[PDB]
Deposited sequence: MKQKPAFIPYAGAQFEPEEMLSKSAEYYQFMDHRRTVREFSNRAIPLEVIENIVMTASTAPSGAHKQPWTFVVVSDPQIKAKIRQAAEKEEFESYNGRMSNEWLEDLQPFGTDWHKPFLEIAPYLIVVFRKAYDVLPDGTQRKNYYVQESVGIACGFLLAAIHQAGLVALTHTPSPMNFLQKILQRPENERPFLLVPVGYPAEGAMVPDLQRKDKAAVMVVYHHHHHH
């Protein structure tokens, strides 16, 4: 069954101002590595996660699980293992505990029917990446900051968060208010000519 698209549309003059304003808003987003431990309602994080989940996906499978962690002992154990692994191979990661939430994104390679059998999901890495994009935009929209982080150590995260075999950690995202006078590196984003090619 099909239903008519319910979408607001605008004149070109309004799309110009909205697209320009949104670009400027998003350009202020920076990865932050120093957090305040100021409390945030769980309802804010739920809104953000379910926004990420509105992302398109291959064959509408939504092949993702978002694990939200605010429990301080699980955060401490994840920090310990993260630090240990990065040492062996800065490796100081207090943000894994100071941030009030960790969002751990898992990808689902297949689904398991209630009858044991498996069904492949489609374009999973792309789909889940897109959803992480929506996650980060929603975080920014809410007035929070985040640290996009490698999902490591991968096996430890899978075990302590008790996720099944059809899933694997994809990204790790501390979220919170920034620390007062948090600093970021003075980076410059690529200009239009270095990222964009236009045919006519």
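Unmodelled regions (deposited sequence positions with no C-alpha coordinates, counted from 1) are 1 to 5, 95 to 112, 224 to 228.
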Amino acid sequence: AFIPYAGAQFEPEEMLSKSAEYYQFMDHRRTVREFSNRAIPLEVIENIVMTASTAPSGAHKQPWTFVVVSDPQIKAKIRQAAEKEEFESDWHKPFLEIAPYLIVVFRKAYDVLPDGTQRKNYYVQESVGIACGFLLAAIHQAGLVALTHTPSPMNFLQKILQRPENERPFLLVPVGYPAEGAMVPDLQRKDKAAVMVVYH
From here on, numbers count along this sequence of modelled residues.
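Higher average CA B factor: 148 to 156, of the stretches 51 to 59 and 148 to 156. Look at the C-alpha B-factors of 60 to 68 and of 160 to 168. On average they run higher in 160 to 168. Looking at the C-alpha B-factors along this chain, the one for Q125 belongs to the middle third. When the modelled residues of the chain are ordered by C-alpha B-factor, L113 sits in the highest third.
In the PDB entry, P185 places in the middle third of its chain by CA B-factor.
The deposited CA B-factor of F95 belongs to the middle third of values across its chain. Per the deposited record, the Cα B-factor of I74 falls in the middle third when ranked against the other modelled residues of its chain.
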